[PDB]
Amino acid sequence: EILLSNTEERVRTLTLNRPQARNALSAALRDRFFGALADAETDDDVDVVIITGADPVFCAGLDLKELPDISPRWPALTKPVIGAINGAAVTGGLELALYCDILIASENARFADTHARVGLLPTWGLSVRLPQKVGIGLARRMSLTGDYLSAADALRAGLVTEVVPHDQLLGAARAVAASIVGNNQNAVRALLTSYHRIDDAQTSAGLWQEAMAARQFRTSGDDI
């Protein structure tokens, strides 16, 4: 029950479902989520994935209480992942949003990076993909302040493709997924795969640097 899954017309929707913990990613939820992404890749009945959260929060981040060296786990996918951001997407949860190919946001969406507030460095690509998707200045402002970015500003900045009234969110994400499903899937997958290969070639160096920064930070922190 901590992860819901639904397959409908070649679209798999994955719903983070720990609303009482604001969909925080416990170890168990991590295992289920990343496992579900991998299963979607290998499932020949799935063309598109939608990820979302049970209201009122998209994902508050990692369950820090429960836990640190937090390795990246988002798998190589050849199928598009649409993030239907229904609420706050914070830190590790902002990183889940940044992994998506396409984002659509409820008016209730908001985005924040609290890594520096809580004294952790990112290891799931925030430091590469946030400046890539909202611009250097805004990424730096977000990360260093830990302030919320509204849905409207996220749209202005290019973080999301659309903002809809809250109750239309999953419909809006399904409509985009249906447009994709209706196109030539050999071409969709080949073109997405290529886009990922073009992007990876540009992000790889950064992701390594991010990893090494996090490691150095953790190690120096063990001067205590």
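From 1 onward, residues are counted along the sequence shown.
In the deposited sequence, the stretch from residue 190 to residue 191 has no residues without coordinates, so the chain runs on without a break. Higher average CA B factor: 13-21, of the stretches 198-206 and 13-21. A summary of the deposited B-factors shows that, of 45-53 and 26-34, the stretch with the larger mean C-alpha value is 26-34. Highest C-alpha temperature factor among 155, 64, 59, 173 per the entry: 64.
Among the modelled residues of its chain, residue 159 has a C-alpha B-factor that falls in the lowest third, as given in the PDB entry.
In this PDB entry, residue 117 carries a Cα temperature factor that places it within the highest third of its chain's modelled residues. Ranked by Cα temperature factor within the chain, residue 125 sits in the lowest third according to the deposited record. Among the modelled residues of the chain, residue 106 sits in the middle third by CA temperature factor in this PDB entry.
The entry lists a Cα temperature factor for residue 177 that places it in the lowest third of the chain's modelled residues.
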